Structure formats: structure tokens, C-alpha cells
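I have placed the structure first, in the form of C-alpha cells, so that the comments after it can refer back to it.
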Amino acid sequence: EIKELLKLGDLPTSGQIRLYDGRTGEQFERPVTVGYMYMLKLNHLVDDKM
Amino acid sequence: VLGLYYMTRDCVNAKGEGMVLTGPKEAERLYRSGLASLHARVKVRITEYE
Amino acid sequence: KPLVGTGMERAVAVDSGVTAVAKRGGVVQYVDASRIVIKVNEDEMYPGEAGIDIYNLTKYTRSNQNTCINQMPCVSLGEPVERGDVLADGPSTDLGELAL
Amino acid sequence: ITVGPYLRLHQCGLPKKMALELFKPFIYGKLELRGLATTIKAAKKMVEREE
Amino acid sequence: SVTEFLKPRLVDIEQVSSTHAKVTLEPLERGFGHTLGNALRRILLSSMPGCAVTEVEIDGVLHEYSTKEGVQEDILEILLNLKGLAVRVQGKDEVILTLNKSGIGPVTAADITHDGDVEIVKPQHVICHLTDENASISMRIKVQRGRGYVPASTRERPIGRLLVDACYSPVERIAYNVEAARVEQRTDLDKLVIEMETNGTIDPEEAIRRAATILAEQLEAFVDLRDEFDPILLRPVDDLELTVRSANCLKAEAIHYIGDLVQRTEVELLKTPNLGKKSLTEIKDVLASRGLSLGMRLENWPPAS
Amino acid sequence: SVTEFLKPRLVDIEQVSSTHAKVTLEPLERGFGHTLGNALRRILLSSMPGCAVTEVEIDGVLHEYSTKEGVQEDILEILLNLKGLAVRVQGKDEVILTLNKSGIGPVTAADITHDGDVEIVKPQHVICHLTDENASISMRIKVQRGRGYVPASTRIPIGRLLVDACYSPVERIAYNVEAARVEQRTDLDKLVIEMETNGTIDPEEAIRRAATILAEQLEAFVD
């Protein structure tokens, strides 16, 4: 079902694409898994630690 | 470890396979120019000290 | 909102009590960043009363962990509401769903 | 602690806000040594202002 | 010939939309397409100039963690909306715009009072909403030119002036491609196509020219490759109101400045001829009158004069 | 104030050898170290005019995997020795040299017939060794002018051996970016470039020529 939904959006089925280095413009040698993840900021702030 | 392992593996039929090089500097020039593969099997002139 | 969830976000958002939930159905008579006034439906009114509900929202309040508690409206002027609908989102809530 | 990939084996990365407090009497002595401060209170105020 | 490179030129510009463009450079030698493309992308994403909102004053508000009666949004949300206002300034590096509105409805960028040297490229940009008929808003917005990203915390003010983080860069994204060029009689030349996405406040051709100028100015360094004491210490000794015999004793020791005097210890002064304990006590008293003492150590004296 | 950028004030040159150098520049704007370093490295590696040996012919050799009697090295070792020969040609863009030797000892570049236009950078460069006394070596070496590096397999009479052409004088080029600060600004770049050439030109001249090429590539857009 994930592959079908990727097909509906015209995206590669494997979930991996080609990337380029920002500093040089050179392509990385292997496909890379790129997508979206839900991230959280926790209550351990370095302002309260130092 | 992953990077050193990746750079020291060989592939059966890679770009630039079978050429004779004058030394490591020529190998680095060939790799950075895109003319040879990192895993290509070649013959290189090496000087070692004991 | 997570964009990849499980279906339990709305229940957690509503049962926590951090949002404003309509006690009776009606129409949004007044909307503002701090208060909401709902004009109650005729058949949900008690005899001898003025059929309006008023919700005063919580704005930039300190919590037990020294964080911010703030409520924002999620309805527009003149739109219908029903009993149980979300009128305003609390912290970490997006259109009535948990958003951490 | 975070990672420093550029460091040499004998080096560490210290925030300068910590280092300013840690090395305060050394800074006082160095300020008095080269004529920037004539008394201890002048050096103390100069460090407090963080010039 | 071998030492004869073909110089690229700007061929055509395709204005796909008001904020989306394509620029073509042709012809390019073998390998120069990527070399130019990556450097141009980095410079375009890094160093283009633009204008941004930096300060806002609203008549009835004191800080940003508050609300205004009859307004749907918080002050923070209004500031966030104003952070995304695209403005083009034609003649100066600073301007103040005025906004006045009343009545029920959306307050957008088209309600800003007209200015001769100010252009609004997206008049439909929503700023806030007024939900009451007897409600009005009036504010003053400061816009200035710059480059990069300057947070408001890094850069007294009266109560009621609200600071806004500044994102000056007008470029949203850059892409580039290298393709084959069908030149008259060769098949080893390339063509560089640069796709540019901005906010509509900068022309693509001038952006390309500005990036090229910056790159050339940075290159010109490689093209030609080659390799406080305290004031009181600087005052003369006679500034001290020393007695005649004390002054004579200090002159006999070749002491002409306070910095010379304070470095000498009490023992050395005592051992000097013609100087008793009374005169040394007087010298200590006059030094103490200015918060100085004998026995101080200094590095690099005399002070190079 | 928006069109002005920092420029390097310290340019330190360390001369490791006559053909090996380090150049340090600072301060730079954030991110410009990688830009300049990558551009210069690409130009030095891939596009640099020079003269190089292209192909050879030996009377007693008809194939790469052939046997030559009286010489210590094999054919591919002779080709490797020829690939590392540094020359300067100022007359034209294609010259042919002849090498004839006999006896016992090291046959070097100094045994090549002299020519007014051609020059040998390192006469001590060893071509081969002659072991037997009644052994003679005769060969013809073609030198051409070009740019960069051209592998011999991309170009695939009798007895003609193809040699990889190394036109660029650059043997090695690398760069690194480090931190640097002015008293107020702290996140600035510092560029270190280490490069070695073959001896035809000095590394500083190579850097200047690469920078000149890049600057001339931009003349249509620079204001």
C-alpha cells in the first residue's frame, strides 16, 4: 500500500533518490532514503545545563 | 570503519579497470576526475620501506 | 499535525480538557483572539434564558514546568457549530488533534 | 557534550562563556600585568563588562 | 587552439512566472558547466541583497504576548505574517510604511499607504482579520535593505516597539542543469540552464551579474598571488606635587613618568642617596592620593614612545 | 555595505620543495572557502594546457605484451617511465624525438637527441637499464600539446604503443577549510591549499593561471 501511494504521487517505489553534495555539487555514489519524520524537542535544554 | 571498508573493496567490472598507474597520486587524480572507480582493479607502482 | 498517525490523536486532544468544546450547538455570534460567543439554537435553550454561551480563552499562562499555556480560536464568524465540536485549540493541538 | 570531528587527539572544545568564569584570576593578573588595569577593582569591572 | 577557451554568454531568459525564471548560458567548455553552476548556486543562495521588515509599532499594544480587541490573530501571528512581506525599495536603504484599516474583513498588503519609492509585489498577502465593525488598526512598519539573516536577539527602546527577525535573502531556491549544445561545427560544448525561484523582488539577470561580480572580486586575490597603558601612567612625574628635594631625588634617578616611578620598590628608593624616610612617605602619600602604589610590575615598558 | 565583502589579508606561502607548496588565505566569508577551493581544484585537475608524451614506437617491439632482450625492465615499465617525463615545447604542438643507446648502464632522459624547441626538465629521469654489452635500444617518442588527462583506452600502424597523456603540470592538489575570526565576527573561513607540480612550472604560477582562466570565463557578466 505504501508503494501504491508512492506511485500515486509519482515517486520512486524504493523510497530512495539521488542526492548531490552542497559543497562540491558531486553526486553521492548510492541512492539515499529521503522522506519525512515527526520530530520532537525535549525538555533537556543546554541553557539549563551549562 | 564503514568508510575505510568501503574504499578498500573491489568490484568485478568497474570503470577504469585494467590500467597501469605510476603511483597513488595518479590514482587520486583519476578518482577525483571521474575517470576511474574506487573499486576498479589496477596495477600501481608502489615504493615501500623496511 | 503529525502527517503520519494512528487515529488516537483526536481522543487525546479532546479528553485532556486543554481545548474549548461547545456545550451546545448554534452559530458563532462573536469571535476574537480572547473570547468566543455562540448563539445557541432555539431547541437547545431553556425557558426564560438568553440563548448565548461565552468562552473566555487562556492566554500566555505559566504552567507547572515553566512553559506557556495559550489557546487560539479555530472557528470563523457566522459558522455553524455542534455539541462536541472544538472551538479553540490548546497547546500542542492542531484542529482538534494532538500535535507534539 | 557534542562531537568535534575536526579536533586533534590532544584537543577539546570549550565554550568561552565557561572559560571566562573558570580562568578569572588568571585574567585579572594578566590585565594588571600589561597596564590595562591599575587596581584589582578596575580589572574586575573590565571583566564584568566583558570588553 | 589549445590555449583558446570559448567564453559563455547569456542567451535567453524565460520568465515562467513572477517568481520563477530560467537563465541560459552558452557555450561552455568540457567541465566548466558544473564548475560555474555550483559556485553560482552557492553565491546566489548565500549573498543576494534584499529588503525586510525589522520593526513594527501598533497603537494599542505593549508587547507581543498579548491580544487586541476585535482582531482574530495574536500579535505574534501578525508579526510572523509581516515577516513574509515582500517589498521592493527603489531609492534608499530605509523606509517607514503606514497601515490604517477599519471594519469587518481581511487586512492585507493592499491597504498599506502608497509610497513613491515602495513597491508591493504581492498585494494579496494577508496581514490580519478584523471581526468587529467598530474595530480599527493602525501601525507603522520599518523596512530596510541588507543581506543574510540577522536575528533580532543579536542586534533604550521605548515600550511598544516590537523587533522582527530579518531574512533579507530574496532567493528561495536554485537548480541547474548541464546539457549538450548544438553549436555550428562542434559537438564538445555544453549549455548551462539555471532555474531560479525567488519572492519576486529581484530580477534574474541582475542576480546572475551580481553573483559573477562577487566571484570575480574574490578571484582577483588569487590572480595576483604573493605574501595601550592607562593614561595616568603616561603622565610626567612633575604632575605630582612633590617637594623640591623629592623632585631632585627623582630627577637624579632618571624617573620622568609615573610608570617609571610605580615600578620601583620601596627598598630601592630607600637605598638611593639623599632620600630619607619622610620623602618616601610623601611620595607614597601622593601616589595613594591617585590610587597608586609602589611595587607594580609592567610588561613592555617604556611604552614605545 | 551590502555589496562589499571581506578579502584575504594574510597570504602565507610555505615552500616544502621546488615543486611542492602550501598557500594559506584568511579571513574569508562563510562558505567561500569551499567555493574557491573546489573551483580552483577542478580547474587545476581537468583543464590545464601542457605538453605530454602521447605514443611510442620500438623497432624490436610490435605488441604491448612482447619481449625485448637485453633490457632489465619490461614494456609496460618503459611506458610508465615515459609517462612521467616532463618536457617543455615552445616551437609547435607536435614533435617527434628519437632515442638510441647501447652499452651497459642506466638509459636516462639525457640520452635523448637535443632539439632547439624541446627541453628536458629532469635529465636524471631514468628510462630503462641496459644489461648486456651487445644490446641496443632504438625508439621514437611523439609529444603533443593538450589539456588535462586523456586515457589511452578512449582512443582505441603496427608496433605503435599508446601512452596515457598527462598534459596538466599538476601532480597533486588538495584543500582544507578551517575556522577563523576577526575580533567581532567568529564564523569565518580559512583556506589552505597544498599542491605539487611536475616541475614544468612553479605551483604559484599554476594557481595564478587557474585563477586567470576562471576570471576570464566570467568577463561577459562581471560589472
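Numbered from 1 within each chain, the chains take letters A, B, ... in sequence-line order. The figures here come from the full heavy-atom set of this structure, side chains too, leaving out hydrogens, waters and symmetry mates.
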I'd like to check F:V23 versus F:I207 (side-chain heavy atoms, cut-off strictly below 4.5 Å). Are they in contact?
yes

If only atom types and distance count, is the side chain of F:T108 paired as donor or acceptor with the main-chain N or O of F:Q124 below 3.5 Å?
no

Residue pair E:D188, E:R30: steps toward the salt bridge (charged side-chain N to carboxylate O under 4.0 Å, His left out) verdict
CA-CA 7 Å; E:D188 59 319; E:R30 188 99 299 177; over 6 Å; no

Between E:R210, E:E217, E:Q218, which residue shows the highest count of heavy-atom pairs closer than 4.5 Å to chain F?
E:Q218

Test: F:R147 cationic atom under 6.0 Å from E:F5 six-membered ring centre, within 45° of axis:
yes

Going by atom types only, do F:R41 and F:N38 share a side-chain donor-acceptor pair under 3.5 Å?
yes

Smallest heavy-atom separation, E:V89 atom then E:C51 atom, equals CG2-SG, 3.8 Å

Engaged part of F:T212 at the chain E interface, taking heavy atoms whose separation is under 4.5 Å
both

Any donor-acceptor N/O pair, E:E14 side chain to E:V16 backbone, under 3.5 Å
no

Rounding to 0.5 Å, atoms CG (E:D115) and CG (E:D117) come to a distance of 6.0 Å

Using non-hydrogen atoms only, which part of F:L28 is less than 4.5 Å away from chain E: side chain, backbone, both, or neither?
side chain

Pairwise salt bridge (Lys or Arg N to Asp or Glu O under 4.0 Å) hits with a residue in residues 81-94 of chain E, at least two apart
E:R88-E:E119, E:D93-E:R145, E:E94-E:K142

Select, from F:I213, F:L6, F:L36, F:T3, the one with the greatest count of heavy-atom pairs under 4.5 Å involving chain E.
F:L36

Counting a contact as any heavy-atom pair under 4.5 Å apart, which residues of residues 190-207 of chain E contact chain F?
none

Say whether, by atom type as modelled, one donor and one acceptor occur between the side chain of F:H125 and the main chain of F:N81 under 3.5 angstrom.
yes

Do the side chains of F:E29 and F:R185 get close enough for a salt bridge, i.e. N-O under 4.0 angstrom?
yes

Contact part of F:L214 toward chain E, heavy-atom cut-off under 4.5 Å: side chain, backbone, both or neither?
both

Could I get the full list of side-chain hydrogen bond (donor to acceptor under 3.5 Å, both in side chains) partners for E:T35, not counting sequence neighbours?
F:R42

For chain F, which residues from residues 161-172 of chain E lie under 4.5 Å away (heavy-atom distances)?
none

